[PDB]
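Encoded as C-alpha cells, the structure appears first; notes follow it.
These values consider heavy atoms only, across backbone and side chains, with no hydrogens, waters or symmetry-generated copies. Atoms within each ligand, like the ligands themselves, are counted from 1 in listed order. Proteins get letters first, then strands, A, B, ... in listed order; numbering begins at 1 in each.
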Amino acid sequence: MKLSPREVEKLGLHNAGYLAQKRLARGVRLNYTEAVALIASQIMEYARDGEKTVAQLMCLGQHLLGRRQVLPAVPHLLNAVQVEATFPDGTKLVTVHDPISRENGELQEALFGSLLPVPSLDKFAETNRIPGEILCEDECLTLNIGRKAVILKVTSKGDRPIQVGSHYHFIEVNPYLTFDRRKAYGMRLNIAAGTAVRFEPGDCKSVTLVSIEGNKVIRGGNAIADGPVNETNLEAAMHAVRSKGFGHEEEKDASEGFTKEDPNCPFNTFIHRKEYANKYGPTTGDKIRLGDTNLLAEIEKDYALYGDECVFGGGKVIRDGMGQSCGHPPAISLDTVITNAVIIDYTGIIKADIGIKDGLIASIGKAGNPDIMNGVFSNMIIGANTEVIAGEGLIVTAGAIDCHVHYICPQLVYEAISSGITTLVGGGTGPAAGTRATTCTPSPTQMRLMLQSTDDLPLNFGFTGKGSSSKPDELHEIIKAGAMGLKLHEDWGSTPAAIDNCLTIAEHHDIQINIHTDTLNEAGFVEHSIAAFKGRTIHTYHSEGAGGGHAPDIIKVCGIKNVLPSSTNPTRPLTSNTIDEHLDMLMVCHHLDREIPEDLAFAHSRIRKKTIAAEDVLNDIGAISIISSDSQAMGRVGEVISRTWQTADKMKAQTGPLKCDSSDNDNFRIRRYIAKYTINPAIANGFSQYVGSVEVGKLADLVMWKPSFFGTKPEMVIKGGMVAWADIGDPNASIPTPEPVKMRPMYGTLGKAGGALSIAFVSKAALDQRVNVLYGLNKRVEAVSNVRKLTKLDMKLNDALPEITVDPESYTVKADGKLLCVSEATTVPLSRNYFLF
Amino acid sequence: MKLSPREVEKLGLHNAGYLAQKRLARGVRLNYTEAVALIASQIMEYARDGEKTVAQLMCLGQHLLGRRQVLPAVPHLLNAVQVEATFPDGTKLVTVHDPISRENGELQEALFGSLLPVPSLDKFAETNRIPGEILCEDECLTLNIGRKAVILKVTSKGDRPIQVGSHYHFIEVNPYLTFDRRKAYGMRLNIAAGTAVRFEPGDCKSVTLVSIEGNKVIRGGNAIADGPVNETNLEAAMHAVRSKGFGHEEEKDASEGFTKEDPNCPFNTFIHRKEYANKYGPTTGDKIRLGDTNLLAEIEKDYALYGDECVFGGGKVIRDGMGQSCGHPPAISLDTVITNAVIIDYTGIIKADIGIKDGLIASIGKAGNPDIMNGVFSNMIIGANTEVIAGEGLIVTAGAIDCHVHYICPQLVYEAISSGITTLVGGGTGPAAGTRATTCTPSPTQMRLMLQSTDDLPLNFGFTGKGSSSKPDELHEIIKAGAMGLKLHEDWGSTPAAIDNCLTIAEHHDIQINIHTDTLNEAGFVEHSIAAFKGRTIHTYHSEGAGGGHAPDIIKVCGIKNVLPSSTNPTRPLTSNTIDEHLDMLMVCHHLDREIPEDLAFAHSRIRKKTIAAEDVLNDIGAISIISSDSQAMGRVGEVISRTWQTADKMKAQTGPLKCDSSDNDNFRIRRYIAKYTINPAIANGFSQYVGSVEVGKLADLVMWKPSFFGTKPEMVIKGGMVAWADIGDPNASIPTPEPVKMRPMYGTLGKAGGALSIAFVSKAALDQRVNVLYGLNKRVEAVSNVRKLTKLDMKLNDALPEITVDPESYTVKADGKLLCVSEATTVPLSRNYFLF
Amino acid sequence: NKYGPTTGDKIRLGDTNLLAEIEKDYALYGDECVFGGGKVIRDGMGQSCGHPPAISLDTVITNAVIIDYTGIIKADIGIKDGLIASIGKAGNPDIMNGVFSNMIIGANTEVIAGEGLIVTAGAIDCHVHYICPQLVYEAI
Amino acid sequence: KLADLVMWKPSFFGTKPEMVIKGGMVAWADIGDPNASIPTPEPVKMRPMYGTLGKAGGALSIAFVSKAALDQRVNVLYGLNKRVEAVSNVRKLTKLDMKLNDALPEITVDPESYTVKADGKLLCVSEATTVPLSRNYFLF
Ligand code: NI
Ligand code: NI
C-alpha cells in the first residue's frame with residue numbers, strides 16, 4: 001500500500017463518515033461531529049469519482065444534509081466544512097459554506113458510495129436555543145471619541161488598486177494618492193479597527209481622519225514623518241513630501257472639528273453592537289451563552305477603548321508602527337498576547353487582552369502601541385518579538401486542576417489535557433492493583449520513577465503517598481522522596497489511629513491529607529473519624545459517599561469547618577441512569593454477587609439516591625467546594641469540567657437564579673462553579689500562587705474555548721505560554737482547518753520542551769533534598785505550602801457550612817433543618833450535541 | 001478485546017480493503033493502493049474462514065481483480081501481494097504473484113464477506129504508459145574484458161549438491177569437486193555477478209574461469225591459498241591441496257586464452273542489456289521513466305566495470321574475501337554503501353555506488369574489493385564493518401529542502417519526512433494566529449522552545465524571526481537567539497522602511513531575508529519595494545503573488561538580478577480547478593464576504609489566471625529558481641516534490657523538449673527541476689555546503705525511490721547515513737513486506753538518535769553565543785553563510801533574467817516583449833495512480 | 001603619557017634595542033576614550049545611549065598599541081562574544097566622529113585601559129611535551 | 001585488576017615513589033621545574049599530573065559502595081563521574097582467608113602485669129632505638 005500518514009488520517013475520516021452514514025440511514029438526527037464527518041467523506045468520494053469540479057462540489061456539499069437530518073443545534077454549530085481531496089488535477093481544497101441550508105437534504109447524495117438504502121424523509125423525528133450566542137443591546141457604539149477630526153478629499157492617480165488600513169498613518173500612504181498631506185499629519189482613518197478603505201485606480205473618495213493618541217509618534221511606512229507629532233516634524237514631513245514626489249494638493253476649505261458623543265456629529269463613525277461583537281467579541285453589558293447550557297455570562301467590564309482594538313491580519317491594527325510598538329526596549333515587549341479575549345474566572349467575567357511573558361501571565365488589560373493608543377501600560381506593549389493569538393469571540397479560562405487522579409495509565413494524561421485539564425494531583429504507579437483502588441504512590445522508588453516518567457509531559461503533576469500507617473516512619477520516608485500529600489484509604493486502613501498519625505505528620509510537613517474513610521464503620525462511625533481529625537485541616541475525597549466513606553453519613557463532613565470537601569464527577573448531576581450504573585459498577589469493582597444478601601446490603605447502603613440528591617444542592621449552595629475525577633476508579637478524567645457545568649445547568653433549571661444572581665445573568669453561579677475546578681483545588685493542595693486562575697504573575701495555563709463549545713471541547717490548551725494541544729486538521733492541507741480536525745499534541749509536547757512549560761509539585765522536604773537534581777528532572781519543581789491553617793472559609797465562593805443531618809434509616813438529608821431533595825435530570829447539556837460516541 | 005498491536009494494524013488494513021471493496025462495487029477502476037488493500041483483506045478473510053490452504057489462496061488471489069477493474073498502470077506497479085493470516089493451523093504468510101493476470105476478475109470472490117452487491121462487468125469503463133520502465137538497447141554486453149581465461153572440466157564426487165558463486169575463489173571450492181586446481185589458481189567463474197553454478201551430486205560440467213584483478217590477493221574460503229597470486233603461493237596452494245585432500249586431477253590440454261571484445265570468442269560471457277538492467281539496474285545509454293510522467297532520465301555515465309557489480313545476498317559478490325575487503329585498515333572501511341544506485345542530481349544522472357562514512361557522503365564511484373576488482377579506490381572499500389543498502393533498480397536523490405514551512409503543528413514534520421523532505425526552513429511556534437499567517441518566530445523564548453522541541457526529530461531545521469520592524473533592536477535580539485533569517489510580512493508591516501531596516505540588518509548578520517510584499521499597495525507599488533531593496537539580496541516568497549504580494553505585478557521581481565524568487569506549490573501547475581480553489585481559499589483565509597464588492601474585488605485582484613500561467617513558463621525557462629510549500633498557509637508540505645515534477649511534465653506536454661534537450665532524453669529539464677527543491681533552497685538560505693545534493697562531503701540525507709513511484713512515495717529516507725523512515729509491513733510478519741505496508745519511522749527517530757543525524761541551522765551570532773550549549777541541544781548546529789553577495793546567477797540552472805512586464809488592467813504578462821501563456825492542464829501525473837484519498 | 005604614543009612615535013620593546021614605530025593611529029585628537037572619574041567614557045559622553053543593546057561591545061581595550069605581523073598601529077579593540085569584534089576607534093557616534101556601528105561603547109561594555117600598554121596576540125607553542133600540567137600554568 | 005601501580009627507586013623503596021599510576025595513567029609523579037629544559041632540575045617535588053585535572057580523575061578510579069546502593073544507582077542519583085562497584089564476599093571470611101597472615105595463636109594477657117603469651121610462650125620485643133626509611137630521606 002505504501003500508505004502515507006495523510007492517507008491513514010483520511011481513512012479514519014472515511015470510517016467516521018461511514019458511521020455517520022449508517023446512523024443517518026437508520027434515521028437518527030446527526031450531531032455536529034457526525035454531520036461534519038459525513039459531509040467531508042462524501043466530498044472526498046465525489047472527488048474520487050473524478051466527474052466533478054471543485055465548484056460543483058462546493059455547490060453539492062450544501063445539499064447533502066438538511067435541518068431535519070441534524071439536531072437543532074447543528075445549523076448554528078456548523079458554519080463550514082473544509083476538506084482536501086484528490087481530483088484528476090491533483091489535491092485540491094474544497095470548502096462547503098453553510099452546509100445545512102435546507103429543510104431536507106438529498107439523502108441519495110449523502111449516502112452515495114455507501115451502498116446503503118436511502119431512508120425516507122418520514123423516518124427523521126421532530127421535536128430552540130443557539131449555543132454560544134451573543135445577546136447584545138440594540139445600540140450603536142461610537143469610535144474614536146475626544147479626538148481632532150478632519151474630512152479630506154482623496155483621489156488616486158495610480159493605475160492599480162490601493163487599500164489603506166484603519167491605523168496606517170495617512171500622510172505615509174502611496175505617493176499616487178493626492179490629498180492635503182498637511183492636514184493628514186498625525187491622523188488615521190476614522191473607521192472600524194481592522195477594516196480598510198479601497199481606492200480603485202482613478203477613484204475619488206471623501207474620507208474622515210482622526211488624530212492618533214498616546215505619545216503621538218509616527219514610525220514606519222514610507223519614513224516621510226518619522227518622529228513625534230509637532231510643528232517642526234510637520235514641516236520636515238512636508239519637505240519630504242515635496243522632495244520625494246508624494247501627491248499633495250492643498251484643500252483650504254476642508255472640514256475640521258472634534259468627535260463627540262453626539263449622533264448628529266459629521267465626524268463620528270458608528271458601529272452596531274452586533275457588528276462589534278461579531279468583529280471583536282462582546283463588550284461590556286453583552287451576554288454569552290456557555291455552550292448549549294442555560295447559563296448567561298455577562299461581561300462585567302471591558303478594558304478596550306472603542307476604535308483601537310488590537311486585531312491581527314492583513315492590513316489590520318497589529319503592524320509595524322501602528323499597533324505593534326516599535327520604539328521601546330526589546331525586553332519589555334510581551335512574549336505572546338491573546339487579543340480581545342473574554343476571560344471567565346472566579347474573580348469576574350471580563351473582556352481584556354492577556355499578555356504573557358516568560359511563561360507567566362504578564363498582564364491583563366489593554367495591549368497595543370502607547371505611541372498610537374491611549375490606555376496602554378508598559379507591561380502590555382506589543383513589540384516586534386510578540387506572538388499574537390486571536391481571542392476574538394473566544395473564551396479564555398484557567399486550566400482545570402484535577403485533584404483525584406489515579407495514575408493507572410499514561411493515556412488518561414492525554415485525555416485530560418485534551419479536555420483542558422493542565423494540572424493533575426493524585427497518586428499511582430500504573431495498573432497495579434494497589435493503584436486501581438487508591439491514589440497512593442507507596443514506594444520512594446516508584447515516586448522517583450513516576451517523577452521521571454512524567455517529566456516530558458506538558459502538565460503540572462503532584463504525587464501523593466500512602467498515609468495509612470499507625471507509625472510515622474514510612475510516611476516521613478515517602479514525603480521526603482517527593483510526595484506532596486498523603487492518602488488515607490479504606491483499603492489500607494483508614495482507622496482513627498491512622499488518621500491521627502497522618503494528621504500529625506501533615507502538621508509537621510505542611511502537606512495536605514486526603515482521606516477516604518471507613519465505609520464498613522469497622523473502627524467507628526463518622527463522628528469518631530471527625531473526632532480523630534481533632535479540628536485539623538483535612539481534604540475529604542467524594543464526601544457524599546458514592547465513591548466511598550462512612551455509610552450513610554459521611555456527607556456530614558460538609559458541615560465541619562476544618563474539612564475541605566470535594567465531589568467526584570460520575571455522580572455530577574443526579575440523573576435517571578445514575579443509580580443503576582453506580583450500583584452495578586460497585587458490584588463489579590468489589591467483586592460482589594447480587595444473589596448474596598450481605599453483598600447487596602453493602603451495595604445498597606453505599607449507593608444512595610437521597611444523599612446524592614443532597615450532594616447536588618450542597619454543590620449549588622457552596623457547601624461542597626471542589627469537583628474532582630477519581631479517574632478510572634469510579635471516575636472520568638475528561639469530564640471534570642463538563643460535568644461541573646452540567647450540574648450548574650441543572651441547578652438553574654430546578655432552583656432558579658441564586659440569591660446573588662438576577663434574571664439578567666448567571667455571573668455569580670458561573671464564578672462559584674468555575675472556582676470548583678480551577679482555584680479551590682489549588683488552594684486545597686497548596687499551589688494556589690502558581691496556577692488556578694487568570695491572574696497576573698501566575699503560570700499561563702490557559703484554555704481557549706468557542707462559546708458554542710464551552711465546557712466540552714477546547715480550541716487549544718496553552719501550557720506555560722506555548723500551545724500544548726490544539727484542534728488541527730490534515731497535516732498535508734493547504735490550511736489548518738480541513739477535516740479530520742482532531743485535538744492533536746503541538747510542539748509543546750515534543751523533546752525537552754514539555755518539561756520547560758510546567759511544574760512538578762513536591763513537598764518542602766523533597767525540595768530541600770533537591771529531588772529535581774537527584775532524579776534528573778528537566779521540569780520546574782516547587783514546594784506546596786499553606787494547607788494546614790485552611791478552613792472551609794478559604795475555599796473561594798464555596799464557604800458555606802450547613803448543619804447536616806442524615807437519617808440512619810431512610811438516609812434523608814437535612815441542612816439546617818431543611819430537607820435537601822432534587823429531581824432526577826432526564827437529560828443534560830454538553831453531552832449529545834458534541835460527541836461522536 | 002485485549003487487542004495486540006498487530007491486530008490494530010490488520011484492522012486498519014481491513015478498513016482500507018473495505019473502502020476498496022465499496023469503490024469496486026460502485027464500479028470505479030481501482031489504483032495500486034486500493035487493489036493491494038482489497039487483495040490483502042480478502043486473503044485475510046478467506047483465511048479466517050478456515051476452509052482453504054495456503055496454496056489455494058495463492059491460486060485464488062490471482063483471480064480477484066482483472067485488468068478491467070484497475071487503472072492501466074496497476075498491472076505494472078503491482079507485482080505481488082504478501083499478507084500474513086491466521087489459518088486454523090496458526091499464522092502463515094501467503095503471497096500472491098502477479099495478482100492482475102486476467103482481463104476480468106472474479107468479483108464475487110473480490111467482494112466476498114462484505115455483503116455488497118457484485119457489480120456487472122459492464123460497469124467498469126474503458127479508455128499504455130509503463131511507470132518506471134527501463135528503455136534499453138538491443139545489445140549484449142560482454143563481461144570481464146581483457147582477462148586471462150581457462151575452460152576447465154569439473155566433476156562432483158560428493159553425495160549432496162555444491163553451488164558456487166561467481167566471485168568465489170575457485171581453488172577454494174568444496175574438496176569433493178575434482179578439477180585441475182593448478183589452472184584455477186587466482187581464477188573465478190566467468191559468469192554474471194551474483195549468479196552461481198550448481199553441481200548436483202555426481203554432476204559433471206565444463207566451466208570457464210577468468211583471472212581476478214586488482215592486487216590479485218586470495219583471502220578466505222578454505223585458507224588453501226591465502227596471499228597474493230604468484231608462483232610461490234601457487235606451489236604452496238598445490239601442496240595444501242595435496243595434503244588436505246582436495247579433489248585435483250590434471251587436465252593438460254585445457255583450453256586457455258583471453259577474453260576479448262569479440263562476439264565469437266569462446267571465453268566470453270554475454271548478458272543482454274534488459275537482463276543486465278533487471279539484475280543490476282540500468283547502465284550507460286539506458287533511459288528511465290520518472291514515475292508515470294513524460295520525462296526520461298538517461299544514464300549519462302556508469303562507474304561499474306561489467307562483471308564486478310557489488311551485489312549482496314546468498315552466494316553473491318559482497319562476501320568475505322570476494323567483494324568484502326579483508327586486508328585493509330578497519331578505519332577506511334565505509335560505514336555503509338548503497339550499491340548499484342541511479343543518482344539523479346542537478347549535476348547529472350549517473351550510475352554509481354554511494355559510500356557513506358560518519359554520516360557524510362564519503363564517496364561516489366565503484367565500491368568493492370581492490371584485491372579482486374579494478375577501479376576501487378581507498379575511499380570505496382567494503383569491509384567487514386560495512387552495512388549494505390541495495391540500490392539495484394532504485395533511484396537515489398538528495399533530500400528535499402522546504403524553505404517556506406509554517407511550523408503550525410508537529411505532524412507536518414512527519415508528513416514532510418515521509419515524502420522525502422529532509423530539511424525544513426521557516427518559522428512558527430504552533431497554531432497561534434501569528435504563525436498561521438507568517439513564517440515568523442517572534443520571541444527569543446519561542447526560539448529556544450522550538451529549538452528544544454525539534455531536538456529529537458531526524459530533520460534539519462532552520463527558524464526565522466519577525467523582521468517587520470523599523471528599528472533594528474528586536475531584530476538583533478531574535479537573530480542572536482537562533483534565527484537564521486527574517487521574514488517581512490504584510491500582516492506585520494512590509495513597508496519600505498521595514499524593508500530597508502531588515503536588509504541592512506541582513507547585511508550586518510549574513511542572514512537571508514524572505515519577504516511577503518504589500519498586496520494592498522498601501523505604502524508603495526512593486527517598483528517602490530524594489531527601490532527599497534536598493535540592489536541588496538532578498539529571497540521573494542511566491543513571486544507570482546497567489547500566496548500574496550503587490551497586486552498584480554509582484555511577478556516582476558523574477559526579472560530583478562538581486563532577487564532570488566520562489567513559487568509555492570498549490571498553484572503548481574495551473575489546472576482547471578486552481579482558480580476556484582484559490583479564490584474561495586483566500587475568502588476563508590481573509591474572512592472575506594463574496595457579497596461585499598470590495599472584498600470580492602480584492603480577492604479577484606489577488607488570484608489571477610494570467611500570472612499563475614506565467615509562473616509555469618518562468619519555472620520552465622529558469623526565471624523562478626525555488627519551489628517551496630507555504631505549509632498550511634496556502635500550501636501542502638507533502639507535495640513540494642510531486643508538484644514540481646508535475647509542472648515539469650506539463651511543460652514537456654505543452655512546449656516540447658527544452659533547447660538544451662533533444663528527443664532522446666530530458667536530462668537538462670530533469671536537472672533544472674530537481675535543482676528547484678534540492679540545491680537552490682540550500683544556496684538561497686546559506687547551507688549549501690552541508691545539504692542539497694548527492695556530493696562527496698555533504699550530509700547523507702538521501703531518498704531512495706522505486707522508479708515507478710518516483711516523485712510520490714519513496715522507498716526509504718536516510719538521514720545522516722541511518723534509515724530515518726521506511727516503507728515497512730506488519731511488525732509480526734515473517735518478512736518485512738506483508739501488508740499493511742506503511743511509511744513508518746525507523747530507529748533514526750527514537751531516543752537521542754534523531755538529533756545525532758541532523759543539523760540545526762542558526763545564525764553566526766547564535767553559534768558564537770553557543771546556543772547549542774545554552775539550550776541543551778543534542779543536535780548538531782551550524783551557521784548559515786554566503787547569502788548577501790548572491791544574485792540570480794548563483795541559482796543553479798535557474799539563472800534566467802527575463803524583462804517582465806504586467807498589464808495593470810488585463811494582467812497580461814510579457815517576458816522580453818513576448819506574451820507568456822499556458823493552457824490549463826485537465827490532468828496531472830503522480831496523483832491518481834498512487835494515493836488512496 | 002596621557003593616552004599612549006600616536007603616529008610617528010617610537011617605543012622601545014623592553015630592554016632590547018628594537019624600536020617599534022606607530023605606523024598609523026585611528027584616534028581623532030580630542031576624543032580619546034578614557035575611563036575614570038569625570039572622564040570620557042560616561043553615560044551620554046563616550047558611552048552611547050541611543051543604540052540597540054545587541055550591537056554594544058562586550059569589552060573594549062582603549063588606546064592600545066597593537067603589534068602584529070600585519071603592522072604596528074594605535075587603535076581600540078572591541079571584543080564581542082569572545083572574538084575580536086573590531087579594531088579602530090571606539091566611542092559614541094552621537095558625540096564623536098569616526099565611530100562605526102561595530103565600535104559602540106554602550107552601558108553593557110566593560111573597559112580595559114590600554115593607555116601606554118602594548119597588545120599582542122597570544123603566542124602559539126607548537127612543540128609542547130605534555131609532561132606535567134604545571135607547564136600549562138608556566139606557559140599561560 | 002585495576003592498574004593502580006606505584007613505581008619506586010630501589011634506593012627509595014618504602015619512602016618516596018617515583019610515580020603513582022592510577023588506572024593506567026600517571027596520577028602523581030616526581031617532577032622538577034616547569035620551565036626547566038628537562039623534567040629533572042630542582043625543585044623536584046611530587047606533583048599532581050594530568051590524572052588529577054578535569055573529569056579525568058574520576059575516569060581512573062572506583063567508588064566502592066554497598067550492593068543496596070548500587071541497586072539504587074547512587075552513581076546516577078548523585079551525578080558521579082567515577083566508576084562505582086559493590087563490595088562483596090566479606091561475611092564468610094575467617095582468619096584463614098587473609099593471605100600469608102592466617103596464624104591463630106592462643107593469646108593470654110595477664111590482668112595485672114599485662115604480660116602477653118601466645119600458645120603459652122611469652123611474647124617480648126626490645127625497643128628499637130633507630131628505624132630505617134626515616135632519616136636519610138625526609139627534610140623535616
Ligand atoms: Ni478514592
Ligand atoms: Ni506569504
Side-chain angles (χ1 to χ4, degrees), chain A residues 313-314 402-408 425-428 434-440 464 466-468 485-492 494 513-519 539-549 554 566-571 586 589-590 606 626 628-635 637 734-735, chain B residues 403-406 408 426-428 434-440 464 466-468 487-492 494 514-519 539-550 554 565-571 582 585-586 589-590 606 628-635:
Chain A
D402 191 7
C403 67
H404 196 162
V405 189
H406 298 242
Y407 299 115
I408 286 153
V425 164
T435 80
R436 282 148 83 96
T438 62
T439 56
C440 305
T464 70
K466 196 210 293 187
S468 300
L486 295 173
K487 177 62 180 299
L488 288 149
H489 206 288
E490 182 202 344
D491 296 357
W492 301 113
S494 189
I513 304 304
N514 305 114
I515 185 160
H516 173 174
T517 63
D518 200 358
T519 309
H539 184 183
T540 49
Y541 287 164
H542 51 85
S543 301
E544 189 276 331
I554 179 55
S566 70
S567 60
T568 56
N569 66 352
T571 50
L586 178 62
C589 281
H590 282 65
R606 184 176 179 179
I626 291 154
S628 62
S629 63
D630 209 17
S631 315
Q632 289 200 314
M634 311 183 36
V637 76
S734 63
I735 55 177
Chain B
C403 65
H404 196 162
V405 190
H406 298 242
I408 285 154
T435 79
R436 287 160 73 152
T438 80
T439 56
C440 305
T464 69
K466 196 211 292 187
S468 301
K487 176 66 177 296
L488 288 149
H489 208 287
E490 182 204 346
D491 280 13
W492 302 111
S494 184
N514 321 307
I515 186 160
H516 180 77
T517 60
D518 194 5
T519 315
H539 186 182
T540 291
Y541 278 162
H542 44 54
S543 305
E544 189 276 331
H550 283 288
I554 179 57
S566 72
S567 70
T568 56
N569 61 39
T571 51
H582 283 55
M585 173 151 63
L586 181 86
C589 275
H590 282 70
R606 257 201 57 185
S628 64
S629 64
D630 209 17
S631 315
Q632 286 200 316
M634 294 177 70

Counting distance only, does the side-chain N/O of A:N569 pair as donor-acceptor with the main-chain N or O of A:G635 below 3.5 Å? no

Sub-2.8 Å protein N, O or S atoms surrounding the Ni ion (ligand 1): A:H404 NE2

Verify the distance criterion only: is there a donor paired with an acceptor across the side chains of B:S543 and B:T540 at less than 3.5 Å? no

Report the residues that fulfil side chain to side chain donor-acceptor pair (under 3.5 Å) with B:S468, sequence neighbours left out, ordered by chain and then residue number. none

Just checking B:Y541 against B:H516, ring centres under 6.0 Å apart? no

Among all residues two or more places apart in sequence or in another chain, which pass the side chain to side chain contact (heavy atoms under 4.5 Å, CB included) test with A:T517? A:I515, A:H550, A:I554

Side chain to side chain contact (heavy atoms under 4.5 Å, CB included) with B:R606: which residues, sequence neighbours excluded? B:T519, B:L586, B:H590, B:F602, B:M634

